[PDB]
Each structure stands twice: as structure tokens, then as C-alpha cells.
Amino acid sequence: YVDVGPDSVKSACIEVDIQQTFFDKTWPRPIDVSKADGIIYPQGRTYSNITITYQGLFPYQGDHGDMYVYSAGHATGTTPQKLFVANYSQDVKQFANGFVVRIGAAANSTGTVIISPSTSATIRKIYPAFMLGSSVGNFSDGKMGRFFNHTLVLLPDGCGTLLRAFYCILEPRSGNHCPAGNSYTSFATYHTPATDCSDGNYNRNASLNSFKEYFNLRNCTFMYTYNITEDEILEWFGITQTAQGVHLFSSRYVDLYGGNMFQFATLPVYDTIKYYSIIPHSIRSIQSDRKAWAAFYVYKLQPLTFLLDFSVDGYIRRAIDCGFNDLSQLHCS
């Protein structure tokens, strides 16, 4: 097994305030395949200046997906206090064929800081975190969201400059507010921008450390890191699984400005992923440092036949979901 660094030496966890009503917003960003939203590129052949019909894993036209939002935590003028999160940890979803994720879409626009609805701020991109596995159930106090045996965790870190992917048994810790302790509400991750995101010295383990407060990582078969360049550009992330393992997709490395997703990793996870949840993150800012963080959107994948329009340079800038209606069907034919 892999050394993933020391266990947390903390005797308690940070208290977590779950307030789902603050995260219930209607900010629709439905799939528009005309603009090639949510498209994993059919890698393997050379396509250029051509229109084809292709059956693969796609989200459906007009799917609103599931929206998730991360918020600044409670704070006084000087001191971060309780984390502030939605009820995401108890909402375990079926993995099925996997999913794609629209990330950072609202970046640059003006939006509410969530925990203080009357306060607006410029929206910044934030990366999603996921917990995935083969077996789920409840924690000791009865709350849902516990993943058993080896669990895949995808956790961004370093103020959005890396992604960590690791596959470990998650042993719930027993201090106050921890998942095997008293006064448990939800687990979460956090970082503390004042100390973790100072210029030139980003803390590349902040979120991982926060996670290690709620769970001891045991028998990790791997822990990989992927560096990310800092920007506010819209991006797409995807995840699927085959007998070869778990496949991660991103628009970042191959189509940063266009959004087409290409595979960047295959993780040696051969036990079938059946379940996932979104890991809530809360940003331990002080009141005067509060920002708004871009909602992200998760859309389930399914086998569908699309018309794909490949440009001269090889990218897909237009698609049709053939089964959407008879008109689309006709156009595909």
C-alpha cells in the first residue's frame, strides 16, 4: 500500500452547519448539444471536416442536471467558525454509466456569497469533489453517506491548482463532530484562504488535511496528483468506468477554450463503482474575505446516438441529440 502522509493529530473535527435552504437556488444551465455541451470526444480515429452519427455516452439535450454549490463558512470579523454546507453527503447517487460536470460557468459574473444572501461578490470558479464506491450505508449515529471498503476520492487542492485521486479504506474518526464521534452532522472538506492561498505559497494539502480530520486513510492502493493551471475558464470534467478501470476526462489539456473532453487518466479501480456523492467543501474565510463560488452541474451519461459535427481542426462544435424529437431524428438521418 501507498504512504499518503500522516494521520491528522487533531482530537476533534471542525463543526459543520448544514443549511440546505441556503443552497436551494434556481440557476439553470441545461445541456445544449448545439454548442457541444458535455461531449466526450470519440478518441481513436482521425476526424476532420465531417459530420457523422455516432453512438456513445452522452448527456441528453436539455438536461438540467444536478446543481451543487460550495459556500464560505461562518465567521466573525477575525475568526472562521463553523463550516457552512448543503446536505450533499447524505445524498448518495447511483453511478450507472458515469457523468459529466460543467465547472466554473458563472465565473466573473456577480453573485451572492450564499451564507450571507444580501452580500454580493464576483464569482470565482471552484472545483468539485467526489466520493465514489461499491458499497454504502450509514454512519454510527444513523446518518447516510458512509462508503465501505475501498473508496475512490477525487479531491482538488492547493487553491485549485491540483486534483488528487486516491483509493483507500475510509475509517471514520471518533472525535467531536467526526463521523464516528459525538455531535456529527456531516463530513466536509475545507481550506483557509488567509493561510492556505497566499501568493507563492499555496497549501497543496489543505483540503486533504481537512479530509484526514474526518477519516483516517487506510490501505491506499494509489494516490495520484494532477497539476492545474490557475484561471477562471469554464471547463468540463467526465468520469466513466470499464473493466480497464475508472476513466477521468477533462477539457483542460486538449481543448481548454472549446470544452471537448479527452481522457487524462485510467485509475486501477476494478471493483465496480455503483455509488457516488458530492463532498461538500466550505471555505474558511473571514467575513471581509468572502467570495462567491461558481456552482457546478452534474449530468448523467447514457448510450445515445448523436450527430457529431467535426470541424477542420478536428474538434466538435455542434451536435444533435437524435432521439430528442422527430425533427432532430430527421436531421440526423
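In this text, residue numbers run from 1 along the sequence as written.
Just going by the entry, 291-299 versus 265-273 on mean CA temperature factor gives the higher value to 265-273. Here 132-140 and 214-222 are compared by their mean Cα B-factor, and 132-140 comes out higher. Within the selection 260, 209, 241, 183, the deposited Cα B-factor values reach their highest point at 183.
Based on the entry's C-alpha B-factors, the most elevated value among 235, 255, 230, 196 belongs to 230. For residue 52, the recorded CA B-factor ranks within the highest third of the chain. Only modelled residues enter the ranking. Sort the modelled residues of the chain by CA B factor and residue 26 lands in the highest third. For residue 151, the recorded CA temperature factor ranks within the lowest third of the chain's modelled residues. Annotation for residue 160: CA B-factor lies in the middle third of the chain's modelled residues. Among all modelled residues in this chain, the alpha-carbon of residue 284 has a temperature factor (C-alpha) in the middle third.
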